[PDB]
Amino acid sequence: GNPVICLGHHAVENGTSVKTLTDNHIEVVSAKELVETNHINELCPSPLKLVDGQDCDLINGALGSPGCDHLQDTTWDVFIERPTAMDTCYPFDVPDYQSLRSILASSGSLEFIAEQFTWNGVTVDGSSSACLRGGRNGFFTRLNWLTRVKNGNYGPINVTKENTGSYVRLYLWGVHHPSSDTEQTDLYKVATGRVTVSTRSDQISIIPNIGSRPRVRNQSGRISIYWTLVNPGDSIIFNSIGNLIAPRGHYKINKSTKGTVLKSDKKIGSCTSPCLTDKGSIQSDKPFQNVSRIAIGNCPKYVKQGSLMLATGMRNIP
Amino acid sequence: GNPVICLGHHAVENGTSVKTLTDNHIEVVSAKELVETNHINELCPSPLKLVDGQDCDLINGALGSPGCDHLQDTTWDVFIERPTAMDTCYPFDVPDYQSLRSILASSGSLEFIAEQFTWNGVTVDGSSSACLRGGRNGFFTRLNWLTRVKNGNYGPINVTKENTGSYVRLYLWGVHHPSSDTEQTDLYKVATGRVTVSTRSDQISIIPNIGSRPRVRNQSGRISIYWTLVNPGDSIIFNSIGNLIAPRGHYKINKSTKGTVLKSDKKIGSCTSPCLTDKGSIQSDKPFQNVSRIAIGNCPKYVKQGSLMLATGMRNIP
Amino acid sequence: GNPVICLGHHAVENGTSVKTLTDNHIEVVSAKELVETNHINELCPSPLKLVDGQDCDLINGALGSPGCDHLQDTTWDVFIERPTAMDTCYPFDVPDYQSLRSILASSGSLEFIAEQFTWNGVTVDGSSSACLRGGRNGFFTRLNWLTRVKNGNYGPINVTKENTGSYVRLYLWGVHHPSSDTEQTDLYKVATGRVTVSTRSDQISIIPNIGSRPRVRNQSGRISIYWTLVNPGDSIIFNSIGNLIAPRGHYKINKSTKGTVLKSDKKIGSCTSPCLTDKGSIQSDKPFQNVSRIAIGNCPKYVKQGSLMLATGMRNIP
Amino acid sequence: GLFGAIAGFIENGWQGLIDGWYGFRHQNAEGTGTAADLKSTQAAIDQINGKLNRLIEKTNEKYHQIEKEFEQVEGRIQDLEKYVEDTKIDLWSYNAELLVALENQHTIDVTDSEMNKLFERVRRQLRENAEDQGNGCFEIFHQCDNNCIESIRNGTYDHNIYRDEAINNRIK
Amino acid sequence: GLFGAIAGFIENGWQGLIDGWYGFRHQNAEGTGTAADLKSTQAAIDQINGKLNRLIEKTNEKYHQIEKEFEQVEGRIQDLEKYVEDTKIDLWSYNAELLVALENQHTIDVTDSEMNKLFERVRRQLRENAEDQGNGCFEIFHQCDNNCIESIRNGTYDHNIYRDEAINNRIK
Amino acid sequence: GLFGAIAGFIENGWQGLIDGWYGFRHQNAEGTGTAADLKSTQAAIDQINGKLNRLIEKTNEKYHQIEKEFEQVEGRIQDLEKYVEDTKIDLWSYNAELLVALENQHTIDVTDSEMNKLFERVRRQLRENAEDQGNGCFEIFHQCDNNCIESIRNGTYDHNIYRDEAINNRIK
Amino acid sequence: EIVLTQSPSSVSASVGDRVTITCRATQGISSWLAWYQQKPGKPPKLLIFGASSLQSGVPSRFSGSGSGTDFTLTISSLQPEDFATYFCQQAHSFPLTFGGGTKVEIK
Amino acid sequence: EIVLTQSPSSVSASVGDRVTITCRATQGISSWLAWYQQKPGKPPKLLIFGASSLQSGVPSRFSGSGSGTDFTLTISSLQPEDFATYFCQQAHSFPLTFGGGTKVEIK
Amino acid sequence: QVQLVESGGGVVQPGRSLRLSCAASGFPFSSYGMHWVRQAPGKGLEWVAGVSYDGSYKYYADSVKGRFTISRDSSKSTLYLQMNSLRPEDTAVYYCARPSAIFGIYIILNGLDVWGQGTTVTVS
Amino acid sequence: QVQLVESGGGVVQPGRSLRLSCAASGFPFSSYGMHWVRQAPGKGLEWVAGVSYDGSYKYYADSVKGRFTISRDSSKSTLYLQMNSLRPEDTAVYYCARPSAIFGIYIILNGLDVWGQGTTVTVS
Ligand SMILES: *[C@@H]1O[C@H](CO)[C@@H](O[C@@H]2O[C@H](CO)[C@@H](O)[C@H](O)[C@H]2NC(C)=O)[C@H](O)[C@H]1NC(C)=O
Ligand SMILES: *[C@@H]1O[C@H](CO)[C@@H](O[C@@H]2O[C@H](CO)[C@@H](O)[C@H](O)[C@H]2NC(C)=O)[C@H](O)[C@H]1NC(C)=O
Ligand SMILES: *[C@@H]1O[C@H](CO)[C@@H](O[C@@H]2O[C@H](CO)[C@@H](O)[C@H](O)[C@H]2NC(C)=O)[C@H](O)[C@H]1NC(C)=O
Ligand SMILES: *[C@@H]1O[C@H](CO)[C@@H](O[C@@H]2O[C@H](CO)[C@@H](O)[C@H](O)[C@H]2NC(C)=O)[C@H](O)[C@H]1NC(C)=O
């Protein structure tokens with residue numbers, strides 16, 4: 001009957017299974033989950049500054065369509081487009097639509113710097129029944145519809161603006177594509193318009209095209225929206241003999257620096273989370289996640305797996 | 001002379017060399033190769049559904065050029081373009097050719113939903129000696145060449161088609177670029193044509209330019225091919241006072257879901273393989289491969305190495 | 001007092017700290033830095049063949065603007081654009097500017113294969129006071145400004161050139177955008193010009209637009225620069241009734257094979273390094289670097305870490 | 001494990017060990033009792049916590065990205081925007097799968113090492129007065145009261161004390 | 001190896017061992033013979049197959065991708081479509097080169113361990129009836145016929161049976 | 001370390017040991033001295049150098065790439081060209097961070113192993129003539145002049161020569 | 001023993017300041033440090049265990065750092081209720097040691 | 001001893017050729033090879049230690065390979081100053097062995 | 001829910017004895033080791049005593065060794081701090097504290113999760 | 001900066017003795033082991049002698065064992081090659097060479113970093 005001293009290790013009744021290099025199912029005492037699979041279902045307004053267009057997409061907000069009155073001068077870290085956003089104004093298309101909405105979303109600002117232009121020899125502030133603001137004919141709040149002098153000519157526009165500031169100016173303008181040769185002559189008196197916006201280093205010129213388009217808001221015509229950037233020291237020139245949709249100023253090109261747009265339908269709650277997704281916010285300390293590939297902020301890295309168990313204990317052998 | 005019991009390990013005469021973290025050449029007993037380097041040299045028609053154009057590229061098949069009669073109403077998991085594919089019809093270019101090819105290939109379907117149009121005020125079914133279908137003047141099977149009424153006007157076209165189905169309609173149309181002011185007036189009687197196709201959210205309008213291009217099949221003119229998508233609920237309008245190359249229906253936008261196109265010249269065998277390459281199919285259980293970066297299906301991951309030996313045994317020391 | 005033999009290991013006074021899987025600060029005997037953080041501040045002209053435009057960007061060199069006389073027939077492994085580069089000729093834009101630069105930079109050659117054209121019915125060799133070459137009106141060294149016959153017509157141009165050679169030809173041409181209807185008729189006598197350049201497979205036609213742009217070098221008009229590739233066996237046709245900026249030959253499409261462009265302001269020294277960055281050359285045997293993401297040649301892989309210490313010794317315990 | 005102590009010559013674990021990861025379990029004249037071992041338990045936890053902290057450092061923070069969902073076929077550009085994201089997701093998924101499997105293989109070997117470490121420490125303590133029964137227990141060939149047991153567990157056991165009794169009981 | 005049994009104190013391998021990966025080789029009065037050891041051989045094979053099955057799971061299945069070959073220079077878009085594919089291939093080739101080199105370094109260590117595992121087991125069996133010659137062989141200080149040998153190889157050997165004979169033959 | 005020799009039962013290292021990574025340090029009748037061991041030192045350096053040479057192979061050589069710095073906002077295409085480059089830099093930075101952290105964990109384990117390899121080799125040499133004090137030293141229970149010491153360090157020590165003397169001094 | 005040394009011994013700051021505190025011992029106490037909050041007349045509350053692991057329910061502004069030798073308690077955006085005296089704890093081996101206290105006053 | 005066998009004994013080549021040289025021994029000397037450059041009447045200069053590690057200052061065109069049994073010295077782009085006689089060195093265990101010499105003449 | 005209640009603090013003369021008690025609630029008391037920590041009034045926290053889960057291994061501070069006696073009871077789930085030979089140095093606000101459970105083990109040597117309200121011991 | 005200077009090479013007759021010397025400059029000589037390597041004129045390099053850093057362990061080639069004697073001085077930082085019983089077989093251009101240092105330690109058994117100018121030993 002000699003004394004014996006034994007050496008061992010702890011164990012538990014129900015252990016956790018983990019993967020290793022040499023086995024798919026090894027039971028260990030304790031393990032932590034590294035893949036986050038849950039979300040709040042609401043977008044947390046902290047610490048990221050959010051902006052809800054909530055009836056207006058970003059571009060409609062930049063142009064100033066009826067619904068987007070609340071978006072003026074807004075600043076954001078994340079703009080939020082909704083699926084319920086609706087066009088409300090004269091029908092328009094935007095060549096390279098995703099590029100101009102990704103410039104407005106990076107800049108993270110709808111601050112419109114208003115400027116006074118002198119469109120010599122044209123009627124101004126035209127409105128359309130397809131763009132109603134309070135049951136009344138309106139237009140884009142940041143665009144000026146120019147038509148011929150009342151019973152007169154479309155005096156040739158040669159307006160210029162020099163960028164004196166230290167920032168890059170983003171000008172939003174457009175070109176009206178009439179529906180019939182009557183409308184063209186009824187509005188600008190030329191048989192064929194022309195819009196040429198230019199800087200010293202880049203230019204763009206458009207001659208409109210008459211024809212029938214599907215009726216949108218009882219309108220068969222269209223407005224093609226364009227944009228021109230102006231660097232400090234450069235000058236922009238709006239030259240047109242017809243069909244010009246003039247600007248009312250410019251936007252300020254800001255720095256990306258957590259500025260983007262997220263297309264979601266979830267309500268903005270009162271929570272706090274440094275990570276947003278299209279499916280809501282993520283609150284976790286885990287490295288990975290299977291919530292959504294769309295992730296904005298300090299987020300876990302999106303993976304395909306739904307569970308990756310890291311072993312935090314020895315081999316469990318009861 | 002005490003008894004001795006020894007403990008050891010097996011060895012072989014010729015071992016295999018593998019890499020470790022601390023040596024480029026370590027001889028172990030056994031090792032498995034992880035990089036597949038061999039292909040069948042034929043394309044296996046199983047389990048993936050293949051389609052051979054075999055004289056027709058995808059776009060020529062979608063338009064209906066003479067050779068592509070066998071591609072009508074075909075469906076595929078993988079379309080196969082040959083290097084021996086040839087143009088067979090009126091010379092044509094496609095702005096953003098690659099995209100239209102990608103849109104057709106990903107849909108994986110050449111089912112042409114035919115439609116009856118009423119092109120009021122034009123001659124229909126035009127044909128050209130550059131596009132022969134059985135020693136006879138023909139044209140694209142999916143396009144309708146419209147010219148002015150015989151000794152009459154090119155009565156303006158204002159046709160509209162509403163999307164009633166649940167799917168997205170792909171319309172393939174074109175614009176004729178004549179070779180001389182004679183041809184333009186000989187055909188459509190206007191000095192300058194116009195083609196305006198539009199939906200409620202995106203539009204396109206083309207005014208054709210006249211001039212000489214290199215003779216292709218004894219034709220100096222061209223036809224620019226365009227396409228327009230129509231979402232459910234939306235309507236498309238074909239408005240043209242001249243030079244319109246009208247459609248005969250639309251294609252149905254399907255789901256990508258193993259739908260693509262592979263440019264190869266290898267024959268289609270009778271084998272079975274879940275992976276295709278431009279150099280033929282791959283039949284392997286290995287993780288990696290140096291056959292080709294072009295790999296469609298359940299394929300090993302292309303790497304740059306030709307041999308990665310995984311040690312499947314102990315150190316071999318004879 | 002039995003003899004005792006001890007077994008141990010070496011240590012040093014001041015050891016280095018390294019990271020492991022289970023600790024951030026472990027002091028080992030010796031360690032090697034794996035991240036290179038130093039650069040020469042000069043670009044090494046060996047073994048990579050460099051070319052300094054030094055007042056001319058790559059496109060200005062291809063067109064042959066005044067300052068770029070030294071870039072003629074240059075060949076490079078890396079072209080070096082400077083921030084001090086300045087336009088010196090008639091104001092011009094380039095649709096898809098970045099692509100033409102990338103096409104030129106990848107070929108790695110400014111060898112201009114001259115060609116003799118017969119522009120029937122036009123005045124040739126036009127110049128402009130905006131483009132001075134030795135205090136004298138000049139033009140792009142690789143472009144020919146065509147204007148109407150003296151007091152005559154802009155006799156229609158229908159010039160063609162077959163690609164007999166085995167290489168792909170890059171033709172650089174342009175379209176003049178006048179500033180007033182006077183200039184358009186003073187120069188080419190047609191109220192509206194047209195430029196149509198085409199091959200058997202791809203084509204492009206431009207009708208120029210008149211209007212005022214900001215004065216650059218006392219010029220309100222512009223020239224839009226385009227390019228057309230011609231494969232062996234194909235033929236290119238320059239068809240224009242007005243405003244054509246004709247070519248004087250073509251460039252030769254070469255193989256990428258260490259051919260690119262680097263935007264840097266560092267002087268070209270006399271050192272030797274197989275790796276160039278915008279901040280200068282890297283001379284290292286380390287795997288990683290935090291100098292710059294812009295790295296041309298046999299370079300260490302850019303990482304975000306500034307220091308990654310690899311343990312080259314045992315644990316140091318004094 | 002690489003050392004074959006846990007799931008090796010140590011048959012199974014002790015669920016009665018709730019105050020530590022490794023422990024002693026003795027049988028002397030006065031009775032029987034179990035005590036955890038702090039040093040071995042702490043060394044294992046430090047290396048697990050150490051690699052846990054390494055895996056949590058929040059380094060991923062992007063705001064402006066590329067679109068990852070599309071409401072209309074476009075072709076070339078969309079194909080690339082998709083293929084770029086798919087390529088990234090696959091690579092990160094591999095980086096995660098390999099990380100977990102590798103860290104676990106190391107984790108299990110570390111815990112198997114610390115168990116053998118403790119055993120080898122006690123082996124060197126007694127060092128002629130006991131013998132390795134094989135199951136992780138030492139047959140102590142001398143009387144070892146509770147004060148003697150504690151001396152083995154807090155590292156003050158002087159083998160020269162019992163060397164004369166122990167060798168005699170072993171050899172004969 | 002990390003344990004230095006294989007390519008270590010075990011001089012070399014036995015090509016005559018064709019019924020296993022690890023085995024015994026004895027010399028008693030009756031003669032000499034070799035027999036493999038199942039437990040050690042199985043533990044090694046199961047850990048090589050376990051990591052072989054992990055490396056074959058077919059997870060890479062892509063059909064619509066971006067174009068990776070081009071018949072004409074295009075510029076910006078082509079540069080990106082190429083640079084994307086190049087960036088991917090590099091990252092996978094590294095993912096493959098590191099995987100093999102690391103799995104091999106671990107593999108060789110596992111087999112070296114399983115060898116040392118078996119040696120340690122037999123060491124704990126005899127206890128004081130044998131001594132470590134150093135070459136992986138034990139000098140058994142008593143008469144051990146073939147039934148006694150088999151008792152060592154199937155784990156039934158009782159050291160208390162030959163303890164008197166063995167200690168006496170060692171000490172004197 | 002996994003073996004617990006370095007930063008384990010070997011209390012600290014020797015700064016006086018400048019000609020090697022591992023060495024002997026003795027105390028006999030004639031005095032005291034320290035000499036490095038070549039075999040152990042050579043093996044450790046080989047595996048460190050072997051993994052250093054693997055990490056230097058120059059395999060990154062690209063010339064035409066995509067633009068990584070922009071002077072004007074452009075939108076979709078620029079968003080992709082920036083996202084592609086950022087995704088790459090992230091993955092390589094992780095590849096590097098994991099590689100260093102892993103190669104170091106293995107390096108420290110290898111050196112800890114080679115220290116234990118040397119200790120186990122000497123343990124098997126004397127093999128009844130010495131006892132493990134625990135601190136990495138062996139109490140040699142017989143006279144061992146400097147020639148006898150060198151015979152231990154160059155592997156020519158015959159234990160059968162001092163076995164009678166040593167066992168007598170241990171047991172009594 | 002193991003001697004802890006908190007620095008500074010006291011500090012005044014306004015709401016919204018980046019507060020930094022250090023715990024400083026002698027032995028290698030690995031990662032065994034426990035920071036505590038203490039209001040006058042009230043028992044402590046565990047803020048950080050493992051020297052970095054945030055306690056459940058404690059706001060994310062409290063953060064801990066350090067390993068082995070040098071330890072640190074950082075607070076990003078101080079709040080009115082965060083006015084308290086703070087103690088660090090050694091937990092590597094017995095006996096358990098605490099610090100001299102680091103109180104945050106009003107500025 | 002350990003015998004080194006350099007193959008070939010000599011070679012002629014023009015500037016820019018891919019030159020291959022082998023060092024070949026008997027024992028396992030896994031990584032302990034040293035390649036030396038030698039001009040007539042001059043002492044050697046260590047080119048490659050560790051059988052692959054490039055010496056500090058030596059151009060990257062000099063490359064060594066091999067492990068244990070078969071060693072190799074490769075030179076990618078030969079230069080006029082590289083015309084020299086090359087010696088490999090065993091460094092596993094005493095005595096130090098050297099090769100028979102591999103000279104590079106002019107072609 | 002889970003908390004610790006203290007008691008026993010009063011005014012006492014030097015040299016005599018007291019007994020302070022700590023009743024647990026809401027957690028498996030007999031599974032955790034427990035600690036007594038005293039805050040000397042004016043000074044910081046000062047660990048004084050600690051006991052294992054079973055009660056066989058007891059750890060004391062060098063200032064109270066052989067003077068104070070810790071003990072526990074599974075049946076009442078209460079912690080006892082028997083103080084003998086009191087003196088004004090021992091004047092302090094006494095806290096019974098619970099070392100934190102980590103991973104799966106209920107270690108005795110860790111940070112302290114739960115504290116009692118604080119029972120003051122005055123020695124004049 | 002760092003270099004090794006050799007001296008002692010001269011014309012000698014068979015059977016007699018010579019001594020060559022190698023003075024170090026620019027590095028911690030007493031930390032390194034050192035080697036003498038002879039290039040037999042016409043043949044390649046031949047390692048002849050090598051000594052440890054302290055001077056206790058000395059390694060010789062089989063051709064010169066018991067015939068040559070190496071030594072080193074720390075006060076002068078000089079390497080001595082004392083040659084006895086010379087013969088025309090020992091005719092060679094002698095080089096003093098420094099084995100390379102690796103990560104932490106100054107191993108005697110490695111490639112040779114620095115060489116001397118080479119002093120010729122002629123035996124007629
Ligand atoms: C993330 O992964 C988890 C699995 O790890 C997914 O969820 C589970 O789905 C299965 C059915 O396949 C159910 O039986 C489980 O009960 C689910 N568990 C949980 C926790 O949800 C989950 O759906 C994944 N998330 C996403 C967005 O795909
Ligand atoms: C895939 O890699 C293999 C090497 O692993 C390449 O082939 C061999 O090429 C060498 C010459 O460089 C020959 O000596 C071998 O006999 C070849 N072996 C085999 C199996 O082909 C092979 O060319 C690579 N394949 C591709 C498509 O890159
Ligand atoms: C259109 O407007 C611009 C500027 O408003 C006119 O150009 C300027 O002419 C003066 C002449 O002294 C120059 O100094 C300026 O540099 C010019 N401005 C710019 C922006 O270039 C231009 O002449 C007008 N166009 C017409 C047809 O009158
Ligand atoms: C590369 O990384 C290093 C750090 O590893 C950066 O530099 C150091 O910067 C700190 C300031 O934070 C200084 O105190 C050090 O003295 C710097 N050390 C060195 C060696 O530079 C360095 O700036 C990084 N380089 C780039 C281009 O990002």
# chains A, B, ... in the order shown; residues from 1 in each chain; ligands from 1
>>> residues_near_ligand(ligand="ligand 4", cutoff="8 Å", atoms="only C-alpha atoms and all ligand atoms", output="PyMOL selection string")
chain C and resi 35-38+289-292+304-307
>>> calpha_fit_and_write(fixed="chain G", moving="chain H", output="tab-separated table (two decimals) with C-alpha atoms, in the first residue's frame")
chain	number	residue	atom	x	y	z
H	1	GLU	CA	5.43	40.17	-3.58
H	2	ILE	CA	4.38	42.01	-6.75
H	3	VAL	CA	4.06	45.79	-6.39
H	4	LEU	CA	1.57	47.75	-8.52
H	5	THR	CA	2.27	51.40	-9.37
H	6	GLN	CA	-0.63	53.42	-10.80
H	7	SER	CA	0.30	56.57	-12.70
H	8	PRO	CA	-0.87	59.21	-12.35
H	9	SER	CA	-2.17	59.18	-8.77
H	10	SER	CA	-5.02	61.51	-9.80
H	11	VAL	CA	-6.20	63.54	-12.78
H	12	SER	CA	-8.78	66.20	-13.59
H	13	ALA	CA	-10.49	66.33	-16.97
H	14	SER	CA	-13.61	67.56	-18.74
H	15	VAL	CA	-16.25	65.35	-20.34
H	16	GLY	CA	-15.00	64.03	-23.68
H	17	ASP	CA	-11.26	63.85	-22.91
H	18	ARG	CA	-8.98	60.96	-23.89
H	19	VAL	CA	-8.00	59.67	-20.44
H	20	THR	CA	-4.93	57.46	-20.00
H	21	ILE	CA	-4.05	55.44	-16.88
H	22	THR	CA	-1.19	52.99	-16.30
H	23	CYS	CA	-0.75	49.99	-14.02
H	24	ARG	CA	2.85	48.94	-13.52
H	25	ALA	CA	4.22	45.84	-11.76
H	26	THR	CA	7.47	43.89	-11.34
H	27	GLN	CA	7.02	40.23	-12.32
H	28	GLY	CA	5.75	38.74	-15.54
H	29	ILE	CA	2.00	38.80	-14.94
H	30	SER	CA	1.36	38.72	-18.66
H	31	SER	CA	-2.44	38.90	-18.93
H	32	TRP	CA	-3.70	38.83	-15.33
H	33	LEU	CA	-4.85	42.40	-14.73
H	34	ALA	CA	-8.29	43.55	-13.58
H	35	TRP	CA	-9.47	47.17	-13.69
H	36	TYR	CA	-12.16	48.29	-11.25
H	37	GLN	CA	-14.44	51.32	-11.08
H	38	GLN	CA	-15.20	52.74	-7.64
H	39	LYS	CA	-17.61	55.45	-6.45
H	40	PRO	CA	-17.17	56.80	-2.90
H	41	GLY	CA	-18.77	54.47	-0.38
H	42	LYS	CA	-19.60	51.84	-3.02
H	43	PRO	CA	-18.06	48.44	-3.81
H	44	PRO	CA	-15.98	48.13	-6.99
H	45	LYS	CA	-17.28	46.89	-10.33
H	46	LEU	CA	-15.06	44.77	-12.56
H	47	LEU	CA	-14.38	46.72	-15.76
H	48	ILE	CA	-11.63	44.83	-17.63
H	49	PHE	CA	-10.51	41.25	-16.99
H	50	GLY	CA	-7.65	39.67	-18.86
H	51	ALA	CA	-6.17	43.20	-19.16
H	52	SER	CA	-8.14	43.77	-22.37
H	53	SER	CA	-11.38	41.73	-22.31
H	54	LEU	CA	-14.33	44.09	-21.86
H	55	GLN	CA	-16.72	43.01	-19.12
H	56	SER	CA	-20.29	42.14	-20.09
H	57	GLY	CA	-22.44	45.27	-20.02
H	58	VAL	CA	-19.55	47.73	-19.67
H	59	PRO	CA	-19.61	50.37	-22.44
H	60	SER	CA	-17.17	49.93	-25.32
H	61	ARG	CA	-15.44	53.22	-24.48
H	62	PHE	CA	-13.63	51.49	-21.61
H	63	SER	CA	-10.54	49.79	-23.03
H	64	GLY	CA	-7.58	48.04	-21.45
H	65	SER	CA	-4.16	47.22	-22.88
H	66	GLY	CA	-0.68	46.07	-21.93
H	67	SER	CA	1.00	42.69	-21.61
H	68	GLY	CA	3.53	41.39	-19.10
H	69	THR	CA	5.33	44.55	-18.01
H	70	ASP	CA	3.55	47.78	-19.03
H	71	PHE	CA	-0.23	47.97	-18.58
H	72	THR	CA	-2.63	50.75	-19.53
H	73	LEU	CA	-6.30	51.68	-19.02
H	74	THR	CA	-7.72	53.96	-21.73
H	75	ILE	CA	-11.09	55.72	-21.79
H	76	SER	CA	-12.07	57.32	-25.10
H	77	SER	CA	-15.09	59.55	-24.36
H	78	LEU	CA	-15.55	60.24	-20.66
H	79	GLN	CA	-19.10	60.58	-19.32
H	80	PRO	CA	-20.46	62.26	-16.16
H	81	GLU	CA	-21.10	58.93	-14.43
H	82	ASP	CA	-17.48	57.87	-15.09
H	83	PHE	CA	-16.14	60.19	-12.36
H	84	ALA	CA	-14.65	57.52	-10.10
H	85	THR	CA	-11.50	56.05	-8.57
H	86	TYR	CA	-9.90	53.25	-10.59
H	87	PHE	CA	-7.97	50.27	-9.21
H	88	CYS	CA	-5.96	47.62	-11.05
H	89	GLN	CA	-5.53	44.07	-9.74
H	90	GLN	CA	-2.67	41.62	-10.17
H	91	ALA	CA	-3.90	38.06	-10.63
H	92	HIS	CA	-0.82	36.02	-11.59
H	93	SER	CA	-0.07	34.42	-8.22
H	94	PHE	CA	-0.99	34.91	-4.57
H	95	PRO	CA	-1.13	37.27	-2.82
H	96	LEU	CA	-3.51	39.52	-4.78
H	97	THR	CA	-2.11	43.03	-5.20
H	98	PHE	CA	-4.00	46.26	-5.85
H	99	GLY	CA	-2.94	49.74	-6.89
H	100	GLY	CA	-2.82	53.06	-5.08
H	101	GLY	CA	-5.89	54.44	-6.83
H	102	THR	CA	-6.36	56.78	-9.81
H	103	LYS	CA	-9.25	59.21	-9.32
H	104	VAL	CA	-10.87	61.38	-12.00
H	105	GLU	CA	-12.00	64.75	-10.64
H	106	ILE	CA	-13.89	67.56	-12.42
H	107	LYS	CA	-12.18	70.22	-14.52
>>> residues_around(residues="residue 123 of chain J", least_positions_apart="2", cutoff="10 Å", atoms="only C-alpha atoms", output="ChimeraX atom specification")
/J:10-16,86-92,120-121
>>> write_last_selection(atoms="N, CA and C atoms", output="compact mmCIF listing (two decimals), in the first residue's frame")
# COMPACT_ATOMS: atom_id res chain seq x y z
N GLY J 10 57.80 33.39 -47.50
CA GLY J 10 59.13 33.58 -48.05
C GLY J 10 59.66 32.28 -48.61
N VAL J 11 60.86 32.37 -49.18
CA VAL J 11 61.52 31.20 -49.77
C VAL J 11 62.22 30.42 -48.67
N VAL J 12 61.93 29.12 -48.58
CA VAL J 12 62.46 28.26 -47.52
C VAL J 12 62.82 26.91 -48.13
N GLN J 13 63.65 26.14 -47.39
CA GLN J 13 64.14 24.82 -47.76
C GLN J 13 63.35 23.73 -47.04
N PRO J 14 63.25 22.54 -47.64
CA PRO J 14 62.48 21.46 -47.01
C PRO J 14 63.11 20.99 -45.70
N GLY J 15 62.26 20.68 -44.73
CA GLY J 15 62.68 20.21 -43.44
C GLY J 15 62.71 21.28 -42.36
N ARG J 16 62.80 22.55 -42.73
CA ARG J 16 62.88 23.63 -41.77
C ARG J 16 61.49 24.17 -41.46
N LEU J 86 58.62 21.40 -42.77
CA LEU J 86 58.14 21.77 -44.10
C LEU J 86 58.65 20.80 -45.16
N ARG J 87 57.97 20.80 -46.30
CA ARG J 87 58.39 20.03 -47.47
C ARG J 87 57.67 20.60 -48.69
N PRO J 88 58.17 20.33 -49.90
CA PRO J 88 57.56 20.94 -51.10
C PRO J 88 56.09 20.61 -51.29
N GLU J 89 55.55 19.61 -50.60
CA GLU J 89 54.11 19.39 -50.63
C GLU J 89 53.36 20.56 -50.00
N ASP J 90 53.98 21.23 -49.03
CA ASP J 90 53.36 22.36 -48.34
C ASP J 90 53.51 23.67 -49.10
N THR J 91 54.18 23.66 -50.26
CA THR J 91 54.26 24.85 -51.09
C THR J 91 52.86 25.28 -51.52
N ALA J 92 52.46 26.49 -51.14
CA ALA J 92 51.12 26.97 -51.45
C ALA J 92 51.06 28.47 -51.22
N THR J 120 52.51 34.06 -50.42
CA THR J 120 52.99 32.85 -51.06
C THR J 120 54.11 32.20 -50.26
N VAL J 121 54.05 30.88 -50.14
CA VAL J 121 55.06 30.09 -49.44
C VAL J 121 55.69 29.15 -50.47
